[PDB]
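Enquirer: structure, please.
(one chain, ligands or ions: 1)
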Amino acid sequence: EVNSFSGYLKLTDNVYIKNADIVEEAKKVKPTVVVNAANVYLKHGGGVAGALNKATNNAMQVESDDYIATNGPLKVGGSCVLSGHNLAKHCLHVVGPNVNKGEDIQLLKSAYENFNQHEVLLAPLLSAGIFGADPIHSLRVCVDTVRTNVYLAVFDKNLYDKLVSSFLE
Ligand SMILES: CC(C)[C@H](Nc1ncnc2[nH]c(S(C)(=O)=O)cc12)c1ccc2c(c1)S(=O)(=O)CCC2
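Expert: Numbers count the residues shown, from 1 in each chain. Take a look:
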């Protein structure tokens, strides 16, 4: 079956959320698009990007190095479409701002705007974790910006519960 997301809670008409590991969701669902929380040189060294690369047995990193050699780095707030390998038809590599490294939080709107070129996506919460954005603010920007159908996988029950409570205020 196509895009068989299960156990998500619908927040708005086009935003759904689950307490789940995006790598395990991608292997089960085989979505048309999985979003990677990338950096501008597509170096998948840890966190979500490192885990998605490891699940492709490093094929995503080799493909990413070839893209950067020909095209140069991405900009913060930008994206590129590459192969999904065994995880999806396509991977949309999106660069959210890293607030812990001084990047502008306003670019989080530009980052989520890349999702609107794809009808259905499996995604992480952009700029959260060690990128330093406030995760409740990242969910609000996602809900206000994305107009296509996005399934957010957030792999922490404590954070998932705080995000659903904040949305339902
Ligand atoms: C907030 C946090 C619970 C979330 N983590 C995750 N969310 C969803 N699926 C996950 N799998 C794994 S794993 C066990 O394969 O490493 C982690 C994970 C997350 C969301 C966004 C970002 C990060 C982390 S980061 O990697 O710190 C920096 C880039 C932006």
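
Enquirer: and the nearest residue to residue 135 once chain neighbours are set aside, how many neighbours?
Expert: Leaving out its chain neighbours, the residue that sits closest to residue 135 by Cβ to Cβ, 6 or more residues apart in numbering is residue 128, at 4.4 Å. To be clear about C-beta, it is placed using only N, CA and C from the backbone, and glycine gets the same treatment. Residues lying near residue 128 (other Cβ atoms under 10 Å) number 23.

Enquirer: do the one 3 residues further on as well
Expert: Using other Cβ under 10 Å as the criterion, residue 131 is surrounded by 22 other residues.

Enquirer: setting the sequence-adjacent residues aside, check what's closest to it.
Expert: residue 98 (4.6 Å).

Enquirer: mind listing what that neighbour touches?
Expert: 39, 76, 127, 131-132 (Cβ atoms under 8 Å, 6 or more residues apart in numbering).

Enquirer: residue numbers of this structure in contact with the ligand?
Expert: 21-23, 37, 47-48, 51, 124-125, 128-131, 153-156, 159 (Cβ under 6 Å from any ligand atom).

Enquirer: for ChimeraX, what selects the buried ones among these?
Expert: Paste this into ChimeraX to select the buried members of those, with burial taken from 16 or more other Cβ atoms under 10 Å:
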select :21,22,23,37,48,51,124,125,128,129,131,153,154,155,159
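
Enquirer: which strand or helix spans residue 152?
Expert: Using DSSP states H and E, residue 152 maps to strand 149-153.

Enquirer: that older thread, next step: the residues of the chain next to the ligand restricted to strands.
Expert: Residues of those located in strands (DSSP state E): 37, 153.

Enquirer: which SSE is immediately downstream of the longest helix along the chain?
Expert: Scanning the chain for the longest helix, with DSSP state H as the assignment, gives helix 59-71. Counting by DSSP H and E, the element after helix 59-71 in chain order, helix or strand, is strand 79-83.
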